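**Q** See run.txt below, with compact mmCIF, N, CA and C atoms.
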# COMPACT_ATOMS: atom_id res chain seq x y z
N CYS A 51 0.84 -1.19 0.00
CA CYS A 51 0.00 0.00 0.00
C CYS A 51 0.88 1.24 0.00
N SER A 52 0.27 2.41 0.22
CA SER A 52 1.01 3.65 0.33
C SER A 52 0.25 4.59 1.26
N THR A 53 0.99 5.25 2.14
CA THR A 53 0.39 6.18 3.08
C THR A 53 0.15 7.52 2.39
N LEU A 54 -0.38 8.48 3.15
CA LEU A 54 -0.60 9.84 2.67
C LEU A 54 0.05 10.77 3.68
N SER A 55 1.33 11.08 3.46
CA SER A 55 2.06 11.94 4.38
C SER A 55 1.44 13.33 4.36
N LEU A 56 0.69 13.65 5.40
CA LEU A 56 0.04 14.95 5.48
C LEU A 56 1.08 16.03 5.76
N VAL A 57 0.72 17.26 5.42
CA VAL A 57 1.58 18.42 5.64
C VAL A 57 0.76 19.52 6.28
N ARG A 58 1.30 20.10 7.34
CA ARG A 58 0.69 21.24 8.00
C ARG A 58 1.17 22.53 7.34
N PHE A 59 0.29 23.52 7.26
CA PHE A 59 0.67 24.82 6.75
C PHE A 59 1.45 25.65 7.75
N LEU A 60 0.99 25.69 9.01
CA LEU A 60 1.71 26.45 10.03
C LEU A 60 3.13 25.94 10.24
N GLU A 61 3.38 24.66 10.00
CA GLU A 61 4.71 24.09 10.15
C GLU A 61 5.56 24.24 8.90
N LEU A 62 5.06 24.92 7.87
CA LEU A 62 5.87 25.26 6.71
C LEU A 62 6.69 26.51 7.03
N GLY A 63 7.30 27.09 6.00
CA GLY A 63 8.04 28.33 6.18
C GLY A 63 7.26 29.54 5.72
N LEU A 64 6.50 29.38 4.63
CA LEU A 64 5.72 30.47 4.06
C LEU A 64 4.84 31.18 5.08
N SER A 65 4.47 30.50 6.17
CA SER A 65 3.58 31.07 7.18
C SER A 65 4.07 32.42 7.71
N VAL A 66 5.36 32.71 7.61
CA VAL A 66 5.87 33.99 8.08
C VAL A 66 5.21 35.14 7.33
N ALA A 67 4.91 34.94 6.05
CA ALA A 67 4.44 36.04 5.21
C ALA A 67 3.07 36.54 5.64
N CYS A 68 2.16 35.63 6.00
CA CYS A 68 0.78 36.00 6.25
C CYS A 68 0.40 35.68 7.68
N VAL A 69 -0.49 36.50 8.24
CA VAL A 69 -1.09 36.22 9.54
C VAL A 69 -2.42 35.54 9.26
N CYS A 70 -2.53 34.29 9.70
CA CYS A 70 -3.76 33.53 9.52
C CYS A 70 -4.61 33.61 10.77
N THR A 71 -5.89 33.93 10.59
CA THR A 71 -6.83 34.01 11.69
C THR A 71 -8.20 33.59 11.19
N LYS A 72 -8.87 32.73 11.95
CA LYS A 72 -10.16 32.20 11.52
C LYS A 72 -11.27 33.19 11.86
N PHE A 73 -12.13 33.43 10.88
CA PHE A 73 -13.26 34.35 11.03
C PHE A 73 -14.52 33.56 10.69
N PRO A 74 -15.23 33.04 11.69
CA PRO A 74 -16.28 32.04 11.40
C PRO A 74 -17.43 32.58 10.57
N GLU A 75 -17.94 33.77 10.89
CA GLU A 75 -19.15 34.31 10.28
C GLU A 75 -18.88 35.13 9.03
N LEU A 76 -17.66 35.08 8.49
CA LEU A 76 -17.27 35.97 7.40
C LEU A 76 -18.23 35.88 6.22
N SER A 77 -18.55 34.67 5.76
CA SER A 77 -19.37 34.52 4.56
C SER A 77 -20.71 35.24 4.70
N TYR A 78 -21.25 35.31 5.92
CA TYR A 78 -22.44 36.13 6.16
C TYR A 78 -22.12 37.61 6.08
N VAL A 79 -21.11 38.07 6.83
CA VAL A 79 -20.78 39.49 6.85
C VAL A 79 -20.09 39.95 5.57
N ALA A 80 -19.68 39.02 4.71
CA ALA A 80 -19.02 39.36 3.45
C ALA A 80 -19.97 39.99 2.44
N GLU A 81 -21.24 40.20 2.80
CA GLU A 81 -22.18 40.85 1.89
C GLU A 81 -21.86 42.32 1.70
N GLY A 82 -21.16 42.95 2.65
CA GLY A 82 -20.79 44.34 2.55
C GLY A 82 -19.28 44.50 2.54
N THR A 83 -18.85 45.74 2.34
CA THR A 83 -17.44 46.07 2.35
C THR A 83 -16.96 46.31 3.78
N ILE A 84 -15.66 46.17 3.98
CA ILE A 84 -15.05 46.34 5.30
C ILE A 84 -14.27 47.65 5.38
N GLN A 85 -13.42 47.92 4.38
CA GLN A 85 -13.04 49.28 4.01
C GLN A 85 -12.38 50.04 5.17
N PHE A 86 -11.20 49.57 5.56
CA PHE A 86 -10.37 50.30 6.50
C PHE A 86 -9.12 50.83 5.81
N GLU A 87 -8.89 52.14 5.94
CA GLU A 87 -7.65 52.76 5.51
C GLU A 87 -6.53 52.40 6.49
N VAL A 88 -5.32 52.86 6.20
CA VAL A 88 -4.20 52.48 7.06
C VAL A 88 -3.49 53.67 7.70
N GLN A 89 -2.79 54.48 6.91
CA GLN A 89 -1.98 55.59 7.40
C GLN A 89 -1.28 56.20 6.19
N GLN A 90 -0.61 57.33 6.43
CA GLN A 90 0.48 57.79 5.57
C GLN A 90 1.29 58.84 6.34
N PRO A 91 2.59 58.66 6.48
CA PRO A 91 3.41 59.63 7.20
C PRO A 91 3.56 60.92 6.40
N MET A 92 4.10 61.94 7.07
CA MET A 92 4.24 63.25 6.45
C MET A 92 5.31 64.04 7.19
N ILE A 93 6.19 64.66 6.42
CA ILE A 93 7.26 65.50 6.95
C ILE A 93 6.67 66.86 7.31
N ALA A 94 7.30 67.53 8.27
CA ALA A 94 6.90 68.88 8.67
C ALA A 94 7.75 69.87 7.88
N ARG A 95 7.27 70.23 6.70
CA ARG A 95 7.98 71.21 5.90
C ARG A 95 7.82 72.61 6.50
N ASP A 96 8.85 73.43 6.32
CA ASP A 96 8.77 74.82 6.72
C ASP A 96 7.81 75.57 5.80
N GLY A 97 7.45 76.78 6.20
CA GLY A 97 6.46 77.54 5.48
C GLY A 97 5.07 77.05 5.81
N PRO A 98 4.12 77.98 5.94
CA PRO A 98 2.77 77.60 6.40
C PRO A 98 2.04 76.80 5.32
N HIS A 99 1.46 75.69 5.73
CA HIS A 99 0.65 74.91 4.81
C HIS A 99 -0.68 75.63 4.58
N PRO A 100 -1.13 75.76 3.33
CA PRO A 100 -2.36 76.52 3.06
C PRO A 100 -3.56 75.91 3.76
N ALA A 101 -4.59 76.75 3.93
CA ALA A 101 -5.85 76.32 4.52
C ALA A 101 -6.76 75.84 3.39
N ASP A 102 -6.48 74.62 2.93
CA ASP A 102 -7.22 74.05 1.80
C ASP A 102 -7.72 72.65 2.13
N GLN A 103 -8.23 71.95 1.13
CA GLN A 103 -8.73 70.58 1.29
C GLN A 103 -7.62 69.52 1.31
N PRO A 104 -6.64 69.53 0.37
CA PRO A 104 -5.77 68.36 0.23
C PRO A 104 -4.84 68.12 1.42
N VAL A 105 -5.38 67.54 2.49
CA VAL A 105 -4.59 67.13 3.64
C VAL A 105 -4.61 65.61 3.79
N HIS A 106 -5.02 64.89 2.75
CA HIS A 106 -5.29 63.46 2.88
C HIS A 106 -4.00 62.66 3.01
N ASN A 107 -3.97 61.77 4.00
CA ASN A 107 -2.87 60.84 4.22
C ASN A 107 -3.40 59.49 4.66
N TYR A 108 -4.59 59.12 4.18
CA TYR A 108 -5.31 57.97 4.71
C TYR A 108 -5.94 57.13 3.59
N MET A 109 -5.14 56.78 2.58
CA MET A 109 -5.65 55.96 1.47
C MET A 109 -6.31 54.69 2.00
N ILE A 110 -7.36 54.25 1.30
CA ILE A 110 -8.26 53.22 1.78
C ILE A 110 -7.83 51.86 1.24
N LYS A 111 -8.07 50.82 2.04
CA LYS A 111 -7.79 49.44 1.67
C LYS A 111 -9.06 48.62 1.84
N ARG A 112 -9.44 47.88 0.80
CA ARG A 112 -10.71 47.18 0.74
C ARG A 112 -10.49 45.68 0.63
N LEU A 113 -11.33 44.91 1.31
CA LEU A 113 -11.19 43.46 1.33
C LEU A 113 -11.65 42.82 0.03
N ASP A 114 -11.01 41.71 -0.33
CA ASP A 114 -11.41 40.90 -1.46
C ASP A 114 -11.72 39.48 -0.98
N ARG A 115 -12.72 38.87 -1.60
CA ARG A 115 -13.19 37.55 -1.20
C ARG A 115 -12.63 36.48 -2.12
N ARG A 116 -12.16 35.39 -1.51
CA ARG A 116 -11.64 34.25 -2.24
C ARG A 116 -12.21 32.99 -1.61
N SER A 117 -12.11 31.87 -2.32
CA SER A 117 -12.71 30.63 -1.86
C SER A 117 -11.77 29.47 -2.14
N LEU A 118 -12.31 28.26 -1.96
CA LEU A 118 -11.64 27.00 -2.25
C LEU A 118 -12.70 25.94 -2.48
N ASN A 119 -12.38 24.93 -3.29
CA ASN A 119 -13.34 23.90 -3.64
C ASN A 119 -12.68 22.53 -3.54
N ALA A 120 -13.51 21.49 -3.68
CA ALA A 120 -13.05 20.11 -3.69
C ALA A 120 -14.22 19.22 -4.10
N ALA A 121 -13.89 18.01 -4.56
CA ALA A 121 -14.87 17.04 -4.99
C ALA A 121 -14.63 15.72 -4.27
N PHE A 122 -15.70 15.13 -3.75
CA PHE A 122 -15.62 14.04 -2.78
C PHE A 122 -16.67 12.97 -3.11
N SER A 123 -16.71 12.56 -4.38
CA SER A 123 -17.73 11.63 -4.84
C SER A 123 -17.67 10.31 -4.07
N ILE A 124 -18.84 9.70 -3.90
CA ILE A 124 -18.98 8.39 -3.26
C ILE A 124 -19.93 7.55 -4.10
N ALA A 125 -19.65 6.25 -4.20
CA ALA A 125 -20.40 5.38 -5.09
C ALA A 125 -21.76 5.01 -4.50
N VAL A 126 -22.61 4.43 -5.34
CA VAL A 126 -23.97 4.11 -4.93
C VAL A 126 -24.00 2.85 -4.07
N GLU A 127 -23.17 1.86 -4.39
CA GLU A 127 -23.11 0.65 -3.59
C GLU A 127 -22.48 0.87 -2.23
N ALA A 128 -21.79 2.00 -2.04
CA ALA A 128 -21.14 2.27 -0.76
C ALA A 128 -22.17 2.68 0.30
N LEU A 129 -22.91 3.76 0.04
CA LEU A 129 -23.86 4.24 1.04
C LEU A 129 -24.99 3.26 1.30
N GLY A 130 -25.25 2.33 0.38
CA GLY A 130 -26.21 1.28 0.63
C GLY A 130 -25.82 0.42 1.81
N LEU A 131 -24.57 -0.06 1.81
CA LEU A 131 -24.07 -0.81 2.96
C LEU A 131 -23.83 0.10 4.16
N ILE A 132 -23.44 1.35 3.91
CA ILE A 132 -23.15 2.28 5.01
C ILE A 132 -24.39 2.52 5.85
N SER A 133 -25.49 2.90 5.21
CA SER A 133 -26.75 3.11 5.90
C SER A 133 -27.46 1.81 6.26
N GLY A 134 -26.84 0.66 5.97
CA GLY A 134 -27.44 -0.62 6.31
C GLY A 134 -28.70 -0.95 5.54
N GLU A 135 -28.96 -0.26 4.43
CA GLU A 135 -30.18 -0.48 3.66
C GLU A 135 -30.13 -1.80 2.91
N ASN A 136 -29.12 -1.98 2.06
CA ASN A 136 -28.96 -3.21 1.29
C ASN A 136 -28.01 -4.17 2.01
N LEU A 137 -28.42 -4.58 3.21
CA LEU A 137 -27.59 -5.39 4.08
C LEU A 137 -28.40 -6.56 4.62
N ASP A 138 -27.71 -7.68 4.84
CA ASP A 138 -28.31 -8.87 5.45
C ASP A 138 -27.32 -9.44 6.46
N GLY A 139 -27.80 -10.38 7.27
CA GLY A 139 -27.05 -10.86 8.42
C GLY A 139 -25.85 -11.74 8.12
N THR A 140 -25.58 -12.04 6.86
CA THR A 140 -24.48 -12.93 6.53
C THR A 140 -23.14 -12.27 6.84
N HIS A 141 -22.15 -13.10 7.17
CA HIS A 141 -20.80 -12.63 7.43
C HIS A 141 -20.20 -11.87 6.26
N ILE A 142 -20.64 -12.15 5.03
CA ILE A 142 -20.06 -11.51 3.86
C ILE A 142 -20.39 -10.02 3.84
N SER A 143 -21.69 -9.69 3.85
CA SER A 143 -22.10 -8.29 3.81
C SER A 143 -21.60 -7.48 4.99
N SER A 144 -21.29 -8.13 6.11
CA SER A 144 -20.67 -7.45 7.24
C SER A 144 -19.16 -7.35 7.11
N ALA A 145 -18.59 -7.89 6.03
CA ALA A 145 -17.18 -7.71 5.71
C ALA A 145 -16.99 -6.62 4.66
N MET A 146 -17.81 -6.64 3.61
CA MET A 146 -17.77 -5.57 2.61
C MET A 146 -18.08 -4.21 3.21
N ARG A 147 -18.93 -4.18 4.24
CA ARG A 147 -19.22 -2.92 4.92
C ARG A 147 -17.95 -2.30 5.49
N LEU A 148 -17.08 -3.13 6.08
CA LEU A 148 -15.82 -2.62 6.60
C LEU A 148 -14.95 -2.06 5.48
N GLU B 1036 31.42 67.16 12.30
CA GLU B 1036 32.21 67.06 13.52
C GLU B 1036 31.26 66.90 14.72
N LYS B 1037 31.83 66.62 15.89
CA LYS B 1037 31.08 66.48 17.14
C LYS B 1037 30.14 67.65 17.37
N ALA B 1038 30.67 68.86 17.50
CA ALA B 1038 29.87 70.05 17.72
C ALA B 1038 29.89 70.86 16.43
N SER B 1039 28.99 70.51 15.51
CA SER B 1039 28.93 71.21 14.23
C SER B 1039 28.31 72.59 14.39
N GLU B 1040 27.21 72.69 15.12
CA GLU B 1040 26.48 73.94 15.22
C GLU B 1040 25.54 73.89 16.41
N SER B 1041 25.32 75.05 17.03
CA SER B 1041 24.27 75.15 18.03
C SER B 1041 22.90 75.11 17.35
N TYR B 1042 21.89 74.73 18.13
CA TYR B 1042 20.56 74.54 17.57
C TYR B 1042 19.55 74.89 18.66
N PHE B 1043 18.88 76.03 18.51
CA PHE B 1043 17.95 76.52 19.51
C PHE B 1043 16.52 76.24 19.08
N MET B 1044 15.80 75.47 19.89
CA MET B 1044 14.44 75.04 19.60
C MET B 1044 13.50 75.81 20.53
N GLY B 1045 12.55 76.53 19.95
CA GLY B 1045 11.66 77.36 20.73
C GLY B 1045 10.44 76.62 21.22
N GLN B 1046 9.38 77.38 21.46
CA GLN B 1046 8.10 76.85 21.87
C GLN B 1046 7.11 76.89 20.71
N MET B 1047 6.06 76.09 20.83
CA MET B 1047 5.08 75.90 19.77
C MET B 1047 3.91 76.85 19.96
N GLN B 1048 3.39 77.36 18.85
CA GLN B 1048 2.17 78.15 18.82
C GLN B 1048 1.21 77.60 17.78
N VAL B 1049 -0.08 77.89 17.98
CA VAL B 1049 -1.13 77.43 17.08
C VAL B 1049 -1.77 78.63 16.41
N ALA B 1050 -2.54 78.36 15.36
CA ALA B 1050 -3.33 79.37 14.66
C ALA B 1050 -4.75 78.83 14.51
N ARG B 1051 -5.58 79.04 15.53
CA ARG B 1051 -6.95 78.57 15.48
C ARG B 1051 -7.74 79.38 14.45
N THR B 1052 -7.99 78.77 13.29
CA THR B 1052 -8.75 79.41 12.22
C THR B 1052 -9.70 78.40 11.62
N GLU B 1053 -10.98 78.74 11.56
CA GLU B 1053 -11.97 77.89 10.90
C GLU B 1053 -12.15 78.36 9.46
N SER B 1054 -12.26 77.41 8.54
CA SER B 1054 -12.42 77.74 7.13
C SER B 1054 -13.25 76.65 6.47
N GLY B 1055 -14.44 77.00 6.01
CA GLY B 1055 -15.28 76.06 5.29
C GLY B 1055 -15.89 74.98 6.14
N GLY B 1056 -16.47 75.33 7.29
CA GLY B 1056 -17.06 74.34 8.17
C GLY B 1056 -16.09 73.36 8.78
N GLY B 1057 -14.79 73.61 8.69
CA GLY B 1057 -13.80 72.73 9.28
C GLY B 1057 -12.71 73.51 9.98
N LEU B 1058 -12.45 73.12 11.23
CA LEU B 1058 -11.40 73.76 12.00
C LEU B 1058 -10.03 73.43 11.41
N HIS B 1059 -9.28 74.48 11.06
CA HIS B 1059 -7.96 74.32 10.44
C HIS B 1059 -6.96 75.14 11.26
N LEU B 1060 -6.27 74.48 12.18
CA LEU B 1060 -5.22 75.10 12.96
C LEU B 1060 -3.90 74.43 12.61
N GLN B 1061 -2.85 75.24 12.45
CA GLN B 1061 -1.53 74.76 12.09
C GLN B 1061 -0.58 74.93 13.26
N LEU B 1062 0.52 74.19 13.22
CA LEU B 1062 1.53 74.25 14.27
C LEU B 1062 2.80 74.90 13.74
N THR B 1063 3.45 75.67 14.61
CA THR B 1063 4.66 76.40 14.25
C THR B 1063 5.62 76.35 15.42
N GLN B 1064 6.90 76.16 15.13
CA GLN B 1064 7.93 76.15 16.17
C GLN B 1064 9.20 76.80 15.64
N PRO B 1065 9.50 78.03 16.05
CA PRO B 1065 10.65 78.74 15.49
C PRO B 1065 11.97 78.10 15.89
N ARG B 1066 12.93 78.17 14.98
CA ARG B 1066 14.23 77.54 15.15
C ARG B 1066 15.33 78.53 14.80
N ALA B 1067 16.55 78.19 15.21
CA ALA B 1067 17.71 79.01 14.91
C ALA B 1067 18.98 78.20 15.07
N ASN B 1068 19.96 78.45 14.21
CA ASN B 1068 21.23 77.75 14.26
C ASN B 1068 22.37 78.73 14.09
N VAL B 1069 23.55 78.29 14.52
CA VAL B 1069 24.79 79.02 14.33
C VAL B 1069 25.93 78.02 14.40
N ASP B 1070 26.89 78.15 13.49
CA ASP B 1070 27.95 77.15 13.36
C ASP B 1070 29.08 77.52 14.31
N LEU B 1071 29.09 76.89 15.48
CA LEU B 1071 30.05 77.24 16.52
C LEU B 1071 31.41 76.61 16.28
N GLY B 1072 31.95 76.80 15.08
CA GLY B 1072 33.25 76.26 14.76
C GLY B 1072 34.07 77.22 13.93
N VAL B 1073 35.23 77.61 14.46
CA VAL B 1073 36.17 78.42 13.69
C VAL B 1073 36.83 77.53 12.65
N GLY B 1074 37.03 78.08 11.45
CA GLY B 1074 37.39 77.25 10.32
C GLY B 1074 36.24 76.35 9.92
N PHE B 1075 36.46 75.57 8.86
CA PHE B 1075 35.43 74.67 8.38
C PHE B 1075 35.14 73.59 9.41
N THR B 1076 33.88 73.14 9.46
CA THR B 1076 33.48 72.13 10.43
C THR B 1076 32.67 71.00 9.81
N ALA B 1077 32.52 70.97 8.49
CA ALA B 1077 31.84 69.87 7.83
C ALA B 1077 32.30 69.82 6.38
N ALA B 1078 32.64 68.63 5.91
CA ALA B 1078 33.08 68.44 4.54
C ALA B 1078 32.34 67.26 3.93
N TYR B 1079 31.97 67.40 2.67
CA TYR B 1079 31.33 66.33 1.91
C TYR B 1079 32.15 66.06 0.66
N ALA B 1080 31.78 65.00 -0.05
CA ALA B 1080 32.47 64.64 -1.29
C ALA B 1080 31.62 63.65 -2.08
N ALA B 1081 31.64 63.79 -3.40
CA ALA B 1081 30.83 62.96 -4.29
C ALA B 1081 31.39 61.54 -4.33
N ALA B 1082 30.58 60.56 -3.95
CA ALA B 1082 31.06 59.18 -3.89
C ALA B 1082 30.88 58.46 -5.22
N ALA B 1083 29.63 58.28 -5.65
CA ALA B 1083 29.32 57.53 -6.86
C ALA B 1083 28.62 58.43 -7.87
N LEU B 1084 28.15 57.83 -8.95
CA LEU B 1084 27.48 58.56 -10.03
C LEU B 1084 26.14 57.92 -10.33
Could the structure of this file be written out as structure tokens, please?
**A**
Amino acid sequence: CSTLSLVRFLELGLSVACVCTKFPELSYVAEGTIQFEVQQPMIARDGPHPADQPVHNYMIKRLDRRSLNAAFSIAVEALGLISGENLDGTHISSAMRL
Amino acid sequence: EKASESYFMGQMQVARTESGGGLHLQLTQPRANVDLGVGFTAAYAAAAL
């Protein structure tokens, strides 16, 4: 036979790049935007800064949604024995079930 | 050099002025310097291109 050597993500190296945190209700709250800006530094230049509008140093960052998929097909003769529907008391059918 | 120049830092003042429904006050802090070194006290030179 052959085993399936599993691999953990946290035990890899790439994990340094991203902070992973589980957010259970996200798919519900993902109907709207989250929309948090971050910052922007600014030097103190000499000379008086005009009394105008352009004082912005808070560019906005918006969330993007991503997913993952998989396929896990199961045969028809399997769930028959699994649910005990197509089963009888013989030793044979209690072996195929295993 | 170690003591290139004196540097006097004053106190801060504000300018409380409202303009266009928004409070706009600026900060100011007067400064002053003097190079307390007889003869030259700082030299530079072009390193790369």
**Q** For chain B against chain A, which residues fall within 8 Å using all atoms listed in the file, given as an NGL selection string?
**A** :B and (1054 or 1059-1062)
**Q** In Å, how far is it from CA of residue 54 (chain A) to CA of residue 129 (chain A)?
**A** 24.0 Å
**Q** State, in Å with one decimal place, the distance from atom N of residue 72 (chain A) to atom C of residue 90 (chain A).
**A**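 These two atoms are separated by 28.6 Å.
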**Q** Rounded to one decimal in Å, what is the spacing between CA of residue 1041 (chain B) and atom C of residue 92 (chain A)?
**A**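 These atoms are spaced 24.5 Å apart.
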**Q** From the options B:1042, B:1084, B:1055, B:1049, which residue's atoms come nearest to residue 1067 (chain B), counting only C-alpha atoms?
**A**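 Selected residue with least distance to residue 1067 (chain B): B:1042.
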**Q** Within 6.5 Å of region 1076-1079 of chain B, counting only N, CA and C atoms, which residues show up once you throw out same-chain ones fewer than 4 positions away? Write them as a list in words, please.
**A** residues 1036, 1039 and 1072 of chain B
**Q** Using N, CA and C atoms, can you write the selected residues to a file as a short mmCIF file (atom, residue, chain, number, x, y, z; two decimals), in the coordinates of the input?
**A**
data_model
loop_
_atom_site.label_atom_id
_atom_site.label_comp_id
_atom_site.auth_asym_id
_atom_site.auth_seq_id
_atom_site.Cartn_x
_atom_site.Cartn_y
_atom_site.Cartn_z
N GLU B 1036 31.42 67.16 12.30
CA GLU B 1036 32.21 67.06 13.52
C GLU B 1036 31.26 66.90 14.72
N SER B 1039 28.99 70.51 15.51
CA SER B 1039 28.93 71.21 14.23
C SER B 1039 28.31 72.59 14.39
N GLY B 1072 31.95 76.80 15.08
CA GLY B 1072 33.25 76.26 14.76
C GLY B 1072 34.07 77.22 13.93
#
**Q** Mind checking which residues fall within 8 Å of residue 89 (chain A), counting all atoms listed in the file, ignoring those fewer than 3 positions away in the same chain, and posting them as a VMD selection string?
**A** chain A and resid 86 92 106 to 110
**Q** Take the residues just selected and output them with N, CA and C atoms as a PDB file, in the coordinates of the input.
**A**
ATOM      1  N   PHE A  86     -11.200  49.570   5.560  1.00  0.00           N
ATOM      2  CA  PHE A  86     -10.370  50.300   6.500  1.00  0.00           C
ATOM      3  C   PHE A  86      -9.120  50.830   5.810  1.00  0.00           C
ATOM      4  N   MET A  92       4.100  61.940   7.070  1.00  0.00           N
ATOM      5  CA  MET A  92       4.240  63.250   6.450  1.00  0.00           C
ATOM      6  C   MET A  92       5.310  64.040   7.190  1.00  0.00           C
ATOM      7  N   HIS A 106      -5.020  64.890   2.750  1.00  0.00           N
ATOM      8  CA  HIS A 106      -5.290  63.460   2.880  1.00  0.00           C
ATOM      9  C   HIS A 106      -4.000  62.660   3.010  1.00  0.00           C
ATOM     10  N   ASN A 107      -3.970  61.770   4.000  1.00  0.00           N
ATOM     11  CA  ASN A 107      -2.870  60.840   4.220  1.00  0.00           C
ATOM     12  C   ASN A 107      -3.400  59.490   4.660  1.00  0.00           C
ATOM     13  N   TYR A 108      -4.590  59.120   4.180  1.00  0.00           N
ATOM     14  CA  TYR A 108      -5.310  57.970   4.710  1.00  0.00           C
ATOM     15  C   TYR A 108      -5.940  57.130   3.590  1.00  0.00           C
ATOM     16  N   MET A 109      -5.140  56.780   2.580  1.00  0.00           N
ATOM     17  CA  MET A 109      -5.650  55.960   1.470  1.00  0.00           C
ATOM     18  C   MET A 109      -6.310  54.690   2.000  1.00  0.00           C
ATOM     19  N   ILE A 110      -7.360  54.250   1.300  1.00  0.00           N
ATOM     20  CA  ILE A 110      -8.260  53.220   1.780  1.00  0.00           C
ATOM     21  C   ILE A 110      -7.830  51.860   1.240  1.00  0.00           C
TER      22      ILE A 110
END
